[PDB]
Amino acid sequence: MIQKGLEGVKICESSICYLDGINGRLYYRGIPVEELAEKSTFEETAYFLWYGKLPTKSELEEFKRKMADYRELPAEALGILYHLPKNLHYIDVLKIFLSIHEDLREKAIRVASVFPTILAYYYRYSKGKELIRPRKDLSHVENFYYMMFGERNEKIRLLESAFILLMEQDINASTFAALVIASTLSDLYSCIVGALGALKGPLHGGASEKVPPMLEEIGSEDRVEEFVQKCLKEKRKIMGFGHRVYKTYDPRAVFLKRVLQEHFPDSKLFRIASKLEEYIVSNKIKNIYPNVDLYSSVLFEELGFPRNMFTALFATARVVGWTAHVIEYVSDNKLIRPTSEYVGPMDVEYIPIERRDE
């Protein structure tokens, strides 16, 4: 029997996250994701994911100073930056800088802390602007926004909630890629670089970069019905919808939809995305619902980030989940090595080249 796609296959035991696809609920070590997205911060939730408990006032304070002290890129990395092309995709930029050369958890903390610096530096560089060094007096998210635009805004809160919602979600394709690589006992950077590659795909995190163009292709709320029907006929995948586990609304999508409704109700992109959901759900089209990529992409756009950084923004948060899983998994490691059903030829002879059918 072939189990293509591995749907429903449990590849490990985990206490990190419970994904309730039937009721559309997501929990980080027992706490509802929306509670954290609303009441927590990047550092506090990351601490919770890595350490297994909410930090006390002093623990959080010390942890925030730790992450803030890990935001620098080595001097040599900076040298490489100024010799890179200025039109690279941000996911690839991350791969590059992660590939230049308990303790594993300390390593995870450090790599996560530098992600925003890599993105911000490349952004400034690619646009010929002076670099804005990390500020130790700013939080992880505040600082990212500042290294990007040299200013601070209330919108930062919305971005922080978004990161929290995207930090973790069981064994999705990118987390699974990190686990397969981690199962060979390879280094943490290698696991992350593979995860990045998977997250980049249009059938995974990359769908976030495809949504904006799709929404524009639709054009307006009046053209939604026609676009959807066309997609069904052509068997074209509607980006921002569908999921392997959720059999109903994606709680992260619901949360972000509310964010947009409350802060960017007049966004043309949001209006179209909202109408698309209305049509697909009200008509029960394929029994599919919006997934987080539909609204996270719209929020990132409205917050002023480049479209080719959307997947990297997802990674900036999900790196926490990826590393948490790698750490947990290897604590009792098992090489992941499946197989296939052979359907090819048998007993084929090597024919000397001069006797081969012309």
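Numbers for residues come from their place in the sequence shown, where the first is 1.
Chemist: How many missing residues of the deposited sequence lie between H101 and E102 in the entry, grouped as none, 1 to 3, 4 to 9, or 10 or more?
Modeler: 4 to 9 residues lack coordinates between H101 and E102.
Chemist: Look over 346-354 and 20-28 in the entry and identify the one with the greater average Cα temperature factor.
Modeler: Looking at the recorded C-alpha B-factors, 346-354 comes out higher on average.
Chemist: Got a sec? Mean C-alpha B-factor, which is higher, 55-63 or 314-322?
Modeler: In the deposited entry, the stretch with the higher C-alpha B-factor mean is 55-63.
Chemist: Can you tell me which of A207, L232, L159, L196 has the highest Cα temperature factor in the record?
Modeler: Answer for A207, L232, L159, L196: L232, with the highest C-alpha B-factor.
Chemist: Determine which member of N172, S267, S186, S126 has the highest CA B-factor, using the values in the deposited entry.
Modeler: That would be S126, according to the entry.
Chemist: Split the chain's modelled residues into thirds by Cα B-factor; is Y82 in the lowest, middle or highest one?
Modeler: Within its chain, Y82 is a highest-third residue by C-alpha B-factor, going by the deposited values.
Chemist: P202's Cα B-factor: lowest, middle or highest third of the chain?
Modeler: For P202, whose C-alpha B-factor we compare with every modelled residue in the chain, the answer is the lowest third.
Chemist: Going by the recorded CA B-factors, say which third of the chain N287 sits in, lowest, middle or highest.
Modeler: It falls in the top third of the chain.
Chemist: If you rank the chain by CA B-factor, which third does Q261 end up in: lowest, middle or highest?
Modeler: Middle third.
Chemist: Comparing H89 with the other modelled residues of its chain, is its CA B-factor in the lowest, middle or highest third?
Modeler: Its C-alpha B-factor, which the entry lists for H89, ranks in the middle third among residues of this chain.
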